[PDB]
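# An overview of the molecular structure
Okay, here's what each chain looks like letter by letter:
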Amino acid sequence: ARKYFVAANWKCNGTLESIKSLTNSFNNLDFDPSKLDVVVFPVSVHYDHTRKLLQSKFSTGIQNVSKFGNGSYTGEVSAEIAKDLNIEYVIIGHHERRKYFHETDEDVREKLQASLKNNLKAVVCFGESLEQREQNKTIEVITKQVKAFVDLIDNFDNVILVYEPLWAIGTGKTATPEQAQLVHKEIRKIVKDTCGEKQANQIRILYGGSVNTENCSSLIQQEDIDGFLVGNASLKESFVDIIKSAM
Amino acid sequence: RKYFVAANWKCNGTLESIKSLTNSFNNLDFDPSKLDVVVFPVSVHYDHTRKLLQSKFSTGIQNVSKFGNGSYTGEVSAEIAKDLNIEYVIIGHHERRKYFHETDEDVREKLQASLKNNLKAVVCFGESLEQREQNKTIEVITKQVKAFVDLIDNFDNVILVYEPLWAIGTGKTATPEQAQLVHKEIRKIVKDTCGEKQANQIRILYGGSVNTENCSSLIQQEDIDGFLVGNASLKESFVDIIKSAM
């Protein structure tokens, strides 16, 4: 069976005091890390603070990593630097970085390449917009997005995929668990035919839309949804209930 | 004016190398009220660097978000930097303008957010080789400065940096006299737009190639108030560059 993966994307949020309060509630949850992956992604400057406060059962990572290695790149965090700090996970290709910060498919590839070279584990995001789905290009867009980086995967426990239904984010549309399931199933088929059957059966594919305490169970029960990249709900103490749904 | 010596480590460093580097830095005896010395480590190195460096050294980050707190994955807001007591930020470094689509409007929005949250900003600008050869040096720098200059209400808390892009990456080098000439032009731009008292107050740093050999000749120029140092700040000998402004 696939090991489930519950991720907390805190995005651009948090204070030192609020993290102290949030991590303490998180630590109260008793789970086996050898059977369930739980990863917290704080702001870069909050990493050390968050890592020290969280118990070892919780994995930690950063929300972005440079496509560049060490050198003259002001404001950048390389995979080499992340490895030296023992940062385990990275987020690559989150739609907010594609939206506001010019991040392209080729940037995603170079980031994954750098991350894997430096023995980091990567949470790679992709998905189609409202205009793309309405034109029935869901499969085409995702195929293009996945194949941009998929060949680089050398360990299928170490790369985790995230489907972001951008057509349901910031719009009027709402994504159902089964609408996500059918996309997840197609993503896994792409991995199957590009990498292999065993490799596709190994890889975790997470839902990256809106996840809360009420819908997490209906999402996790789907055959091809192996967990979530959680946004706003991961900033609340009730995030422990979202973890419990995958336990 | 109070001199200002900044260490821009860029995308460099390990936990071991930083400990070795902060060791040699801390052994230098200087008065924090007479000279500003600021170290800019990588964001994930900030806590480690701030702990190692004695308080005489100020600390900051190499970039700050144009957005506030919210759904902006990978970003560090000015609000978050304020909560961690991060004193300084770098805005508009040519490498972010070159590789990361950072514009004059982004610089403005970053500065507004920084000053709103009581952060002090190190704002970078400069002209290319093509622009200097086309006699557009003053035109380009005026445009770059005008993009943000109206936001400055405290002229101690905003520090300007001239980056001679025409002498960075090319086969050409800037003389101390050439650096001084541009610094004088920058101070005139502040004088023409804000006022004479404001221009005589603001720090303007040289952001070109600075080393232990050229620092004394650069710092003695009338309108150069310090440096934003790249490669040479990754060495223990950076203390000698600080010594030149003491």
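Shown numbers run from 1 along every chain as its sequence is written, which may differ from how the entry numbers residues; residues without coordinates are omitted from display. Chains carry letters and ligands carry numbers; both start at the beginning, A for chains and 1 for ligands, and go up in the order they are written. Side-chain descriptors were evaluated using all non-hydrogen atoms of the structure, hydrogens and water having been removed beforehand. Residues with missing side-chain atoms are left out of burial classes, side-chain pairs and their counts.

## Concerning the interface of chain A and chain B
You'll often see interface size given as the accessible area lost when the parts meet. Across the contact, 37 residues belong to chain A and 38 residues belong to chain B. Once two parts are joined, some of their accessible surface, as seen by a 1.4 Å probe, is lost; buried area is that loss totalled over both. Contact between chain A and chain B buries roughly 3400 Å² in total, counting both sides, with carbon and sulfur atoms accounting for 60%. The three residues of chain A that bury the most area against chain B are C12, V45 and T74 of chain A, which together make up 22% of that side's buried surface. For salt bridges, the criterion is a side-chain nitrogen of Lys or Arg within 4 Å of an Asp or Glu carboxyl oxygen. Summed over the shared surface of chain A and chain B, the number is 2 salt bridges. When the shortest N-O distance is used, the salt bridge between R96 of chain B and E76 of chain A registers 2.8 Å. Residue contacts are defined here by distance: any two heavy atoms, one from each residue, within 4.5 Å place the two residues in contact.

## A word on the nonpolar core
Put simply, a nonpolar core is a bunch of buried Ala, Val, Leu, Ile, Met, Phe, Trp, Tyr and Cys residues held in one set by side-chain atoms that sit within 4.5 Å of each other. Each residue's exposure class comes from its accessible area (1.4 Å probe, protein chains only) as a fraction of the maximum for that residue type: buried when under 20%, exposed when over 50%, partly exposed otherwise. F25, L111, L160, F227 and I241 of chain B are the most contacted members of the largest nonpolar core, which has 72 residues in total. Per the convention used, a helix needs a DSSP run of H or I reaching at least four residues, while a strand needs a run of E reaching at least two, with both numbered from the N terminus. If you tally residues by element for this core, the top one is helix 8 (residues 176-193) of chain B, at 5 residues. Discounting residues that sit within four places of it in the chain, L111 of chain B has contacts with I91, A121, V123, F148, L151, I152 and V158 of chain B. Core analysis: the next-biggest nonpolar cluster, separate from the first, contains 69 residues, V77, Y163, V183 and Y207 of chain A among them.

## What about the pattern of salt bridges?
Residues and elements named next belong to chain B. Tallying each qualifying case throughout the model produces 30 salt bridges over all chains. The salt bridge involving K66 is made with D106; its shortest N-O contact spans 3.0 Å. Remark: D106 occurs in helix 5 (residues 104-116) and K66 occurs in the loop between strand 3 (58-61) and helix 3 (78-83); sequence separation between them is 40 residues. Overall, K66 belongs to the partly exposed group, its relative accessible area being 23%. Judged by relative accessible area, which is 11%, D106 ranks as buried.

## Looking at the UniProt feature "active site" in chain A
UniProt's feature table lists "active site" at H94 and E164 of chain A, given in the numbering used throughout. Across 71 residues in sequence, these annotated residues keep their C-alpha atoms within 8.3 Å of one another, forming a single compact spot. Lining residues of the second largest pocket drawn from the annotated list: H94 and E164 of chain A. With respect to the helices and strands, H94 of chain A occurs in the loop between strand 4 (89-92) and helix 4 (95-100). Once you skip the residues sitting within four places of it in the chain, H94 of chain A turns out to touch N9, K11, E103, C125, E164 and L229 of chain A together with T73 of chain B. UniProt positions are given in the numbering used here, feature names are shortened, and annotations may be inferred rather than shown by experiment. Lining residues are those with an atom within 4 Å of a point, where the points come from a 1 Å grid over the protein atoms alone and group into cavities, where a 1.4 Å probe fits but cannot get out, or pockets, open sets with protein on both sides within 12 Å along at least five of seven lines.

## Here's the deal with the UniProt feature "active site" in chain B
Taking the numbering used here, the UniProt-annotated feature "active site" corresponds to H93 and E163 of chain B. Within the element layout of this structure, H93 of chain B appears in the loop between strand 4 (88-91) and helix 4 (94-99). For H93 of chain B, a relative accessible area of 3% corresponds to the buried category. Within the structure, the side chain of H93 of chain B is placed 3.3 Å from the side chain of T74 of chain A, a separation counted as a polar contact. Relative to the assigned elements, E163 of chain B resides in the loop between strand 6 (158-162) and helix 8. For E163 of chain B, a relative accessible area of 2% corresponds to the buried category. Once residues lying within four places of it in the same chain are set aside, the contact partners of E163 of chain B are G92, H93, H94, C124, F125, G126, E127, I168 and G207 of chain B. Looking at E163 of chain B, its side chain comes within polar contact range of the side chain of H93 of chain B, at 3.2 Å. N or O atoms within 3.5 Å of each other form a polar contact, as long as, within protein, one can give a hydrogen and the other can take it, and as long as residues adjacent in sequence are counted only when both atoms are side-chain atoms.

## Focus: the layout of surface pockets
Grid points are joined across faces, edges and corners, and a volume is the space filled by probe spheres set on the points. Roughly 730 Å³ of volume is contained in the largest pocket. Looking at the largest pocket, it is lined by 38 residues, and the ones nearest its centre are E76 and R97 of chain A together with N63, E75 and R96 of chain B. Polar here means any residue outside two lists: the nonpolar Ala, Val, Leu, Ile, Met, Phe, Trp, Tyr, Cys and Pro, and the charged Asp, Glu, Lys and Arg; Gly therefore counts as polar. Looking at the lining of the largest pocket residue by residue, the class counts come to 14 nonpolar, 12 polar and 12 charged. For the second largest pocket, the lining is made up of 34 residues, of which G209, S210, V211, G231 and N232 of chain A are closest to its centre.

## Focus on the packing of aromatic side chains
Note on aromatic pairs: the rings of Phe, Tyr and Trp (six-membered ring only in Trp) are paired at centre separations within 6.5 Å, and the planes decide the class, stacked below 30 degrees, edge-to-face beyond 60, tilted for the rest. One pass over the full model with this rule turns up 20 aromatic pairs over all chains. Judged by centre distance (5.5 Å) and plane angle (70°), the rings of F5 of chain A and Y89 of chain A are edge-to-face. In this pair, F5 of chain A sits in strand 1 (residues 4-9) while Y89 of chain A sits in strand 4, placing the two residues 84 residues apart along the sequence. By the ring-pair criterion, three or more aromatic residues cluster together here, those being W9, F25, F30, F57 and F238 of chain B. We count a charge as sitting over a ring when the NZ of a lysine or the CZ of an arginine lies within 6 Å of the ring centre and within 35 degrees of the ring normal. The aromatic ring of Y89 of chain A is capped on one face by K121 of chain A, whose charged end is 5.9 Å from the ring centroid.

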